[PDB]
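# Structural features, examined
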Amino acid sequence: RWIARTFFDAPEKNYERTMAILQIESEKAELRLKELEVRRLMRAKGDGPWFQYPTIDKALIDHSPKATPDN
Amino acid sequence: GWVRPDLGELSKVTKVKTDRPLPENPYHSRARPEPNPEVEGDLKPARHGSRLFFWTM
């Protein structure tokens, strides 16, 4: 009785620790699987804001009247 | 008459009134299909560590 009193944790303490750690890891696992699905559909469809390799920007484009109208 | 136009009076960019107002897009073209979705808002803080194999905390 003294050993369980002064040297040990309660079964309810261990129990709620187990429930807390399992809720944490369930959220972690579903976020990881959701991550890889988002990533594969994003690289597939291309509409996502991640895999945008840079195209032209029109900071080097200026429309103005030329020296030949058949431009 | 017909005064000789002095050098360099065939310069001096010119206004002139017309028939039509200026047309839209004589380039037989279309607009952009879909622009970039603005991803903004208050960004969420860290979400349960790295979500790597381990190294939370």
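- Method information in the entry identifies cryo-EM as the source of the structure, with 4.3 Å recorded as the resolution.

## Regarding the overall build of chain B
- Each helix and strand in chain B was counted, giving zero helices and zero strands.
- Against the compact-globule benchmark of 10 Å for 57 residues, chain B has a radius of gyration of 31 Å, which places it well outside the compact range.
- Taken along its principal axes, the extent of the C-alpha atoms in chain B is 95 × 30 × 20 Å.
- Here chain B holds 57 residues, and the buried ones make up 0% of them.

## Thoughts on the pattern of salt bridges
Residue and element names in this part refer to chain A.
- Evaluated as defined, the whole model comprises three salt bridges over all chains.
- Ionic pairing is found between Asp 9 and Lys 13, a salt bridge with its closest N-O pair at 3.2 Å.
- With relative accessibility at 51%, the residue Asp 9 sits in the exposed group.
- When its relative accessible area of 41% is taken as the criterion, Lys 13 is described as partly exposed.
- In this structure, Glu 35 engages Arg 39 in a salt bridge whose closest nitrogen and oxygen atoms are separated by 3.3 Å. Of this pair, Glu 35 and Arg 39 both sit in helix α2 (residues 11–45), four residues apart, which is roughly one turn of that helix.

## Points about the interface of chain B and chain A
- Each partner contributes to the interface: chain B provides eight residues, whereas chain A provides eight residues.
- With both sides pooled, the region where chain B packs onto chain A buries about 760 Å², and carbon together with sulfur makes up 48% of that total.
- Looking at the side of chain B facing chain A, the largest losses of area belong to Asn36(B), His48(B) and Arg51(B), adding up to 62% of the total buried there.
- Where chain B packs against chain A, one counts zero salt bridges.
- For the pair chain B and chain A, the number of links is three residue pairs in polar contact.
- Its residues assigned to classes, the side of chain B that touches chain A comprises three nonpolar, three polar and two charged.

## As for the packing of aromatic side chains
Residues and elements named next belong to chain B.
- One pass over the structure, following the stated rule, counts two aromatic pairs over all chains.
- On the numbers, 3.9 Å between centres and 15° between planes, the contact of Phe 54 with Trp 55 is stacked. For the pair shown, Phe 54 and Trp 55 are each scored as exposed.

## Looking at the layout of surface pockets
- In this model, the largest pocket occupies a volume close to 360 Å³.
- Surrounding the largest pocket, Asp62(A), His63(A), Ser64(A), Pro65(A), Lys66(A), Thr68(A), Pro69(A), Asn71(A), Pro26(B) and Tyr27(B) form its lining.
- Residues of the lining of the largest pocket, tallied by class, amount to four nonpolar, four polar and two charged.

## Points about a nonpolar patch on the surface
- There is a patch of nonpolar side chains on the surface, built from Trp2(A), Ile3(A), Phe7(A) and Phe8(A) and spanning about 500 Å² of accessible area.
- Along the polypeptide, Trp2(A) turns up in helix α1 (residues 2–6).

## A look at the side chain of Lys28(A)
- Looking at the secondary structure, you find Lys28(A) in helix α2.
- There is no salt bridge for the buried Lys28(A), and the closest opposite charge comes from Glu25(A), which lies 6.3 Å off by N-O distance.
- Not counting the four nearest positions on each side in its chain, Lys28(A) is found in contact with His48(B), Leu52(B) and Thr56(B).

Cut-off values and rules
Residues numbered from 1 in each chain as written, not as in the entry; some residues may be left out. Chains lettered and ligands numbered in written order. Part of a larger assembly, values for the part shown. Heavy atoms only, no water. Helix = DSSP H or I, 4+ residues; strand = E, 2+ residues; numbered from the N terminus. Rg over C-alpha atoms; globule rule 2.2 N^0.38 Å. Buried < 20%, exposed > 50% of the residue type's maximum accessible area, 1.4 Å probe, protein only. Salt bridge = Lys/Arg side-chain N within 4 Å of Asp/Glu carboxyl O. Contact = heavy atoms within 4.5 Å. Buried area = accessible area lost by both parts, 1.4 Å probe. Polar contact = N/O pair within 3.5 Å; in protein donor to acceptor, adjacent residues only side chain to side chain. Nonpolar A, V, L, I, M, F, W, Y, C, P; charged D, E, K, R; others polar. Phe/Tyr/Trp six-rings, centres within 6.5 Å; stacked < 30°, edge-to-face > 60°. 1 Å grid on protein atoms, 1.4 Å probe; cavity = no way out; pocket = protein on both sides within 12 Å on 5 of 7 lines; lining within 4 Å. Points joined across faces, edges and corners; volume = space filled by probe spheres on them. Patch = residues over 30% accessible without salt bridge, like charges linked within 9 Å, V, L, I, M, F, W, Y side chains within 5 Å. Areas by Shrake-Rupley, 256 points an atom, 1.4 Å probe, with all protein chains shown as cover. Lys, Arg positive; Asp, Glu negative; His and termini not counted.

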